[PDB]
Amino acid sequence: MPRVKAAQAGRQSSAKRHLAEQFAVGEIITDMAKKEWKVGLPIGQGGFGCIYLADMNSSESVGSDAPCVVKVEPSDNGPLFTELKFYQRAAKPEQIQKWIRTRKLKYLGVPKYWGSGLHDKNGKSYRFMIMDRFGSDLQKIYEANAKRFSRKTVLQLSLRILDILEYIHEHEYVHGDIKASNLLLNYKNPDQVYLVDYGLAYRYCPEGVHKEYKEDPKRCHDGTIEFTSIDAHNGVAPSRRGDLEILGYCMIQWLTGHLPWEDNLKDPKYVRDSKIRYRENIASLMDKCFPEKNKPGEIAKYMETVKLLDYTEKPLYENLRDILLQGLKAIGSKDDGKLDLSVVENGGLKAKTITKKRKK
């Protein structure tokens, strides 16, 4: 006496053609700078979906086909508001190079900003923003490459993401979702990874002042538990320990190309039991996933160290970066020149809004 049942469906159509209602490639978008940016070919990546190139024609001496694009968002001012806020707030050549050079930072893994604008579609204000020229994605590359990256890449990315993660963590936002979906590359430059999709911004410390674990008791689940880690999965702000922990998980997953708990990440209970069970002796789990394929140590120690200090004691960029560079350079290899993710995939990344109170 079995029992089965199910169903599903879906569709969507649209079309138009007439004056003041038929936009297309080459269209001129007016920015807050009172200018006119021409839209180029479609992209779909580089912002929040449905992104179109920018600066098609030339105004004075072409600059490498004018590597620029413009993302378009719906009239809501929700996720784009926050993302754009910090995006433009932390965007600047002189500003960045200033603090970066003054603090000897390992470069900033953030996209370049130029300007923004909104076009009122009679009842629907379409907001858009111009940024660097992107095309590749870490979510797609890993999909076709089966997260089969070398140590050089894992280290390079980890380092970059770390620097940026700190510069922002010292403000009031942290990309709890380190998922590759937030990692994008240049339109055709593998030696340049930028972290976009700030929509997953999670206020680390309230009013700039940290607070004991007790933010979202109902699991803020800002993003996919897969990368959200126990921190975000528990609604608690990743006070250093969380950020680092997440980076470690994704790091080993990239070097291994497969995750044990991942296959069982379908549910939260599993992800939790896995995090704890693996936390008990991450060292054994790290060495277990790699008997003798390469050299599991940088990630093993890095993680063990991040949890060896405490749940929320204090960060250790120098210490972590030390063990990481030590194990990575221990093999006599480091800084091949740029990166090792030029597989050229180009897919369709994703995004989401910040967790707090608004999602209706």
# chains A, B, ... in the order shown; residues from 1 in each chain; ligands from 1

call {"tool": "select_by_dssp", "arguments": {"residues": "stretch 37-251 of chain A", "states": "strand (DSSP E)", "output": "count of residues only"}}
result
47

call {"tool": "closest_atom_pairs", "arguments": {"of": "stretch 258-342 of chain A", "to": "stretch 230-251 of chain A", "cutoff": "12 Å", "atoms": "only C-alpha atoms", "output": "tab-separated table"}}
result
residue	atom	partner	partner_atom	distance
A:258	CA	A:250	CA	10.1
A:259	CA	A:249	CA	9.1
A:260	CA	A:249	CA	11.3
A:261	CA	A:249	CA	10.7
A:262	CA	A:249	CA	10.5
A:265	CA	A:233	CA	11.6
A:267	CA	A:233	CA	11.1
A:268	CA	A:233	CA	7.8
A:269	CA	A:233	CA	10.3
A:270	CA	A:230	CA	11.0
A:271	CA	A:230	CA	7.7
A:272	CA	A:230	CA	6.5
A:273	CA	A:230	CA	10.0
A:274	CA	A:230	CA	9.9
A:275	CA	A:230	CA	7.1
A:276	CA	A:230	CA	9.1
A:278	CA	A:249	CA	10.6
A:279	CA	A:245	CA	10.2
A:282	CA	A:249	CA	10.2
A:285	CA	A:249	CA	11.4
A:286	CA	A:249	CA	10.0
A:296	CA	A:251	CA	11.1
A:297	CA	A:248	CA	11.6
A:298	CA	A:248	CA	9.5
A:299	CA	A:248	CA	6.2
A:300	CA	A:248	CA	8.4
A:301	CA	A:248	CA	9.8
A:302	CA	A:248	CA	7.1
A:303	CA	A:248	CA	5.8
A:304	CA	A:245	CA	9.3
A:305	CA	A:245	CA	9.8
A:306	CA	A:241	CA	6.3
A:307	CA	A:241	CA	7.3
A:308	CA	A:241	CA	10.1
A:309	CA	A:241	CA	8.8
A:310	CA	A:241	CA	7.6
A:311	CA	A:241	CA	6.1
A:312	CA	A:241	CA	5.8
A:313	CA	A:241	CA	7.8
A:314	CA	A:240	CA	6.8
A:315	CA	A:240	CA	5.4
A:316	CA	A:240	CA	8.5
A:317	CA	A:244	CA	9.0
A:319	CA	A:244	CA	11.8
A:320	CA	A:244	CA	8.9
A:321	CA	A:244	CA	10.9
A:324	CA	A:248	CA	10.6

call {"tool": "write_last_selection", "arguments": {"atoms": "N, CA and C atoms", "output": "CSV table (one decimal), in the first residue's frame"}}
result
chain,number,residue,atom,x,y,z
A,258,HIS,N,35.4,18.3,-3.3
A,258,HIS,CA,34.3,17.6,-2.8
A,258,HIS,C,34.2,17.7,-1.3
A,259,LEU,N,32.9,17.8,-0.8
A,259,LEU,CA,32.7,17.9,0.6
A,259,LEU,C,31.8,16.8,1.1
A,260,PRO,N,32.1,16.2,2.3
A,260,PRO,CA,31.3,15.1,2.9
A,260,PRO,C,30.0,15.6,3.4
A,261,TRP,N,30.0,16.7,4.2
A,261,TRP,CA,28.8,17.2,4.8
A,261,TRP,C,27.9,17.9,3.7
A,262,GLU,N,28.6,18.4,2.6
A,262,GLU,CA,28.0,19.1,1.5
A,262,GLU,C,26.8,18.3,1.0
A,265,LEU,N,24.2,18.6,3.1
A,265,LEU,CA,23.9,19.9,3.5
A,265,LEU,C,22.4,20.3,3.2
A,267,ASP,N,20.0,19.6,4.6
A,267,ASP,CA,19.3,20.0,5.8
A,267,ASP,C,20.2,20.7,6.8
A,268,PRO,N,19.7,21.5,7.7
A,268,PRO,CA,20.5,22.2,8.7
A,268,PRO,C,21.0,21.3,9.7
A,269,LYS,N,20.2,20.4,10.2
A,269,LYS,CA,20.6,19.5,11.2
A,269,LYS,C,21.9,18.8,10.9
A,270,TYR,N,22.0,18.3,9.6
A,270,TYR,CA,23.2,17.7,9.1
A,270,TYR,C,24.4,18.6,9.1
A,271,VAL,N,24.3,19.8,8.5
A,271,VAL,CA,25.4,20.7,8.5
A,271,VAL,C,25.9,21.0,9.9
A,272,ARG,N,25.0,21.0,10.9
A,272,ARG,CA,25.4,21.3,12.3
A,272,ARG,C,26.2,20.1,12.8
A,273,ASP,N,25.6,18.9,12.7
A,273,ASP,CA,26.3,17.7,13.2
A,273,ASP,C,27.6,17.6,12.6
A,274,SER,N,27.8,18.0,11.3
A,274,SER,CA,29.0,17.8,10.6
A,274,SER,C,30.0,18.9,11.1
A,275,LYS,N,29.6,20.1,11.2
A,275,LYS,CA,30.5,21.2,11.7
A,275,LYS,C,31.1,20.8,13.1
A,276,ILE,N,30.2,20.4,14.0
A,276,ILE,CA,30.6,20.0,15.3
A,276,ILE,C,31.5,18.8,15.3
A,278,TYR,N,33.2,17.5,12.9
A,278,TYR,CA,34.5,17.8,12.3
A,278,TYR,C,35.3,18.8,13.1
A,279,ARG,N,34.6,19.6,13.9
A,279,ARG,CA,35.3,20.6,14.7
A,279,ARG,C,36.0,19.9,15.8
A,282,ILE,N,39.2,18.7,13.5
A,282,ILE,CA,39.4,19.1,12.1
A,282,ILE,C,40.7,18.6,11.5
A,285,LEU,N,40.1,15.2,10.2
A,285,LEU,CA,39.2,15.3,9.0
A,285,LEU,C,39.9,15.8,7.8
A,286,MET,N,40.8,16.8,8.1
A,286,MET,CA,41.5,17.4,7.0
A,286,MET,C,42.5,16.4,6.4
A,296,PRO,N,47.9,18.1,2.6
A,296,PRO,CA,46.9,18.8,3.5
A,296,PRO,C,47.6,19.2,4.9
A,297,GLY,N,47.8,20.5,5.0
A,297,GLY,CA,48.4,21.0,6.2
A,297,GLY,C,48.0,22.5,6.4
A,298,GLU,N,48.1,23.3,5.4
A,298,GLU,CA,47.8,24.7,5.5
A,298,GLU,C,46.4,24.9,6.0
A,299,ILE,N,45.5,24.2,5.4
A,299,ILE,CA,44.1,24.3,5.7
A,299,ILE,C,43.8,23.7,7.1
A,300,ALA,N,44.5,22.5,7.3
A,300,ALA,CA,44.3,21.8,8.6
A,300,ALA,C,44.7,22.7,9.8
A,301,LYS,N,45.9,23.2,9.7
A,301,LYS,CA,46.4,24.1,10.8
A,301,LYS,C,45.6,25.4,10.9
A,302,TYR,N,45.4,26.0,9.7
A,302,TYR,CA,44.7,27.2,9.7
A,302,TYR,C,43.3,27.1,10.4
A,303,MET,N,42.6,26.1,10.1
A,303,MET,CA,41.3,25.9,10.8
A,303,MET,C,41.5,25.5,12.2
A,304,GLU,N,42.3,24.5,12.5
A,304,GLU,CA,42.6,24.1,13.9
A,304,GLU,C,43.0,25.3,14.8
A,305,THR,N,43.8,26.2,14.2
A,305,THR,CA,44.2,27.4,14.9
A,305,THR,C,43.1,28.4,15.1
A,306,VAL,N,42.2,28.6,14.1
A,306,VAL,CA,41.1,29.5,14.2
A,306,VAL,C,40.2,29.1,15.3
A,307,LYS,N,40.1,27.7,15.6
A,307,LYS,CA,39.2,27.2,16.6
A,307,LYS,C,40.0,26.9,17.9
A,308,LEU,N,41.4,27.0,17.8
A,308,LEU,CA,42.2,26.7,18.9
A,308,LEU,C,42.3,27.9,19.8
A,309,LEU,N,42.0,29.1,19.3
A,309,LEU,CA,41.9,30.3,20.1
A,309,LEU,C,40.7,30.4,21.0
A,310,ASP,N,39.5,30.3,20.3
A,310,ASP,CA,38.3,30.4,21.0
A,310,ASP,C,37.1,30.6,20.0
A,311,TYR,N,35.9,30.7,20.6
A,311,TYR,CA,34.7,30.9,19.7
A,311,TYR,C,34.6,32.3,19.3
A,312,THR,N,35.1,33.2,20.1
A,312,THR,CA,35.1,34.7,19.8
A,312,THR,C,36.1,35.4,20.6
A,313,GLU,N,37.4,35.0,20.6
A,313,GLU,CA,38.4,35.7,21.3
A,313,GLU,C,39.0,36.8,20.6
A,314,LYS,N,39.8,36.5,19.6
A,314,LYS,CA,40.4,37.6,18.7
A,314,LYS,C,41.0,37.0,17.4
A,315,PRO,N,41.0,37.8,16.4
A,315,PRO,CA,41.5,37.4,15.0
A,315,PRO,C,43.0,37.2,15.0
A,316,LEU,N,43.5,36.5,14.0
A,316,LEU,CA,44.9,36.2,13.8
A,316,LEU,C,45.3,36.2,12.4
A,317,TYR,N,45.2,37.4,11.7
A,317,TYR,CA,45.5,37.5,10.3
A,317,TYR,C,47.0,37.1,10.1
A,319,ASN,N,49.0,35.4,12.1
A,319,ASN,CA,49.3,34.0,12.4
A,319,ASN,C,48.7,33.1,11.3
A,320,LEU,N,47.5,33.3,10.9
A,320,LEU,CA,46.8,32.5,9.9
A,320,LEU,C,47.6,32.6,8.6
A,321,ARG,N,47.9,33.9,8.2
A,321,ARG,CA,48.6,34.1,6.9
A,321,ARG,C,50.0,33.5,7.0
A,324,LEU,N,49.6,29.6,6.6
A,324,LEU,CA,49.1,29.4,5.2
A,324,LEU,C,50.2,29.6,4.2

call {"tool": "residues_around", "arguments": {"residues": "stretch 332-340 of chain A", "least_positions_apart": "6", "cutoff": "10 Å", "atoms": "only C-alpha atoms", "output": "JSON, numbers by chain"}}
result
{"A": [149, 150, 151, 152, 153, 154, 155, 156, 157, 190, 191, 192, 193, 325, 326]}

call {"tool": "write_last_selection", "arguments": {"atoms": "N, CA, C and O atoms", "output": "mmCIF file, in the first residue's frame"}}
result
data_model
loop_
_atom_site.group_PDB
_atom_site.id
_atom_site.type_symbol
_atom_site.label_atom_id
_atom_site.label_comp_id
_atom_site.auth_asym_id
_atom_site.auth_seq_id
_atom_site.Cartn_x
_atom_site.Cartn_y
_atom_site.Cartn_z
ATOM 1 N N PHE A 149 40.805 23.141 -8.043
ATOM 2 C CA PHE A 149 41.824 24.182 -8.093
ATOM 3 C C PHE A 149 43.060 23.771 -7.297
ATOM 4 O O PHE A 149 42.979 22.949 -6.385
ATOM 5 N N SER A 150 44.203 24.350 -7.650
ATOM 6 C CA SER A 150 45.457 24.041 -6.973
ATOM 7 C C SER A 150 45.579 24.828 -5.672
ATOM 8 O O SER A 150 44.709 25.632 -5.334
ATOM 9 N N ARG A 151 46.665 24.591 -4.943
ATOM 10 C CA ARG A 151 46.902 25.276 -3.678
ATOM 11 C C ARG A 151 47.190 26.756 -3.908
ATOM 12 O O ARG A 151 46.805 27.607 -3.104
ATOM 13 N N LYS A 152 47.872 27.058 -5.007
ATOM 14 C CA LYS A 152 48.213 28.436 -5.343
ATOM 15 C C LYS A 152 46.960 29.303 -5.416
ATOM 16 O O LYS A 152 46.940 30.428 -4.915
ATOM 17 N N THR A 153 45.913 28.773 -6.042
ATOM 18 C CA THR A 153 44.657 29.498 -6.180
ATOM 19 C C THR A 153 43.962 29.655 -4.832
ATOM 20 O O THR A 153 43.579 30.759 -4.444
ATOM 21 N N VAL A 154 43.801 28.543 -4.121
ATOM 22 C CA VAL A 154 43.154 28.558 -2.815
ATOM 23 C C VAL A 154 43.818 29.567 -1.884
ATOM 24 O O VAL A 154 43.140 30.298 -1.160
ATOM 25 N N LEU A 155 45.145 29.600 -1.907
ATOM 26 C CA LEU A 155 45.901 30.521 -1.066
ATOM 27 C C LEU A 155 45.694 31.965 -1.514
ATOM 28 O O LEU A 155 45.362 32.832 -0.706
ATOM 29 N N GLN A 156 45.890 32.212 -2.804
ATOM 30 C CA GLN A 156 45.723 33.550 -3.359
ATOM 31 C C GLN A 156 44.345 34.111 -3.020
ATOM 32 O O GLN A 156 44.228 35.212 -2.480
ATOM 33 N N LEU A 157 43.306 33.350 -3.343
ATOM 34 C CA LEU A 157 41.936 33.770 -3.074
ATOM 35 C C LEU A 157 41.727 34.023 -1.584
ATOM 36 O O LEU A 157 41.252 35.086 -1.186
ATOM 37 N N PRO A 190 41.684 36.284 -15.965
ATOM 38 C CA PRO A 190 41.719 35.314 -14.866
ATOM 39 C C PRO A 190 42.594 35.782 -13.708
ATOM 40 O O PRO A 190 42.454 35.308 -12.581
ATOM 41 N N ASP A 191 43.496 36.714 -13.993
ATOM 42 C CA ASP A 191 44.393 37.247 -12.974
ATOM 43 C C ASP A 191 43.767 38.448 -12.274
ATOM 44 O O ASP A 191 44.412 39.482 -12.099
ATOM 45 N N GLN A 192 42.507 38.304 -11.875
ATOM 46 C CA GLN A 192 41.794 39.379 -11.195
ATOM 47 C C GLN A 192 40.425 38.906 -10.717
ATOM 48 O O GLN A 192 39.482 38.804 -11.502
ATOM 49 N N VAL A 193 40.323 38.617 -9.423
ATOM 50 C CA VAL A 193 39.070 38.156 -8.839
ATOM 51 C C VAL A 193 38.448 39.229 -7.952
ATOM 52 O O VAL A 193 39.074 39.704 -7.005
ATOM 53 N N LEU A 325 50.991 30.664 4.325
ATOM 54 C CA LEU A 325 52.118 30.915 3.434
ATOM 55 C C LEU A 325 53.258 29.940 3.711
ATOM 56 O O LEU A 325 54.046 29.623 2.819
ATOM 57 N N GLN A 326 53.337 29.467 4.949
ATOM 58 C CA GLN A 326 54.381 28.526 5.342
ATOM 59 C C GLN A 326 54.156 27.163 4.695
ATOM 60 O O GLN A 326 55.074 26.579 4.121
#

call {"tool": "atom_distance", "arguments": {"atom1": "atom CA of residue A:18", "atom2": "atom CA of residue A:38"}}
result
20.2 Å

call {"tool": "closest_atom_pairs", "arguments": {"of": "stretch 97-186 of chain A", "to": "stretch 69-89 of chain A", "cutoff": "10 Å", "atoms": "only C-alpha atoms", "output": "CSV"}}
result
residue,atom,partner,partner_atom,distance
A:110,CA,A:87,CA,8.0
A:111,CA,A:87,CA,7.9
A:112,CA,A:88,CA,8.6
A:113,CA,A:88,CA,6.3
A:114,CA,A:88,CA,8.6
A:115,CA,A:88,CA,8.5
A:116,CA,A:70,CA,8.4
A:117,CA,A:72,CA,9.6
A:118,CA,A:72,CA,8.9
A:119,CA,A:75,CA,9.6
A:120,CA,A:75,CA,9.0
A:121,CA,A:75,CA,9.5
A:123,CA,A:75,CA,9.1
A:124,CA,A:75,CA,5.8
A:125,CA,A:75,CA,4.9
A:126,CA,A:75,CA,5.1
A:127,CA,A:73,CA,5.3
A:128,CA,A:72,CA,4.3
A:129,CA,A:70,CA,5.2
A:130,CA,A:70,CA,4.0
A:131,CA,A:69,CA,5.4
A:132,CA,A:69,CA,6.0
A:133,CA,A:69,CA,5.3
A:134,CA,A:69,CA,7.6
A:135,CA,A:69,CA,9.9
A:168,CA,A:86,CA,8.9
A:171,CA,A:86,CA,9.7
A:172,CA,A:86,CA,9.8
A:173,CA,A:86,CA,8.8

call {"tool": "atom_distance", "arguments": {"atom1": "atom CA of residue A:64", "atom2": "atom CA of residue A:139"}}
result
26.8 Å

call {"tool": "closest_residue", "arguments": {"among": "A:295, A:288, A:17, A:35", "to": "residue A:329", "atoms": "only C-alpha atoms"}}
result
A:295

call {"tool": "closest_residue", "arguments": {"among": "A:92, A:148, A:219, A:357", "to": "residue A:253", "atoms": "only C-alpha atoms"}}
result
A:148
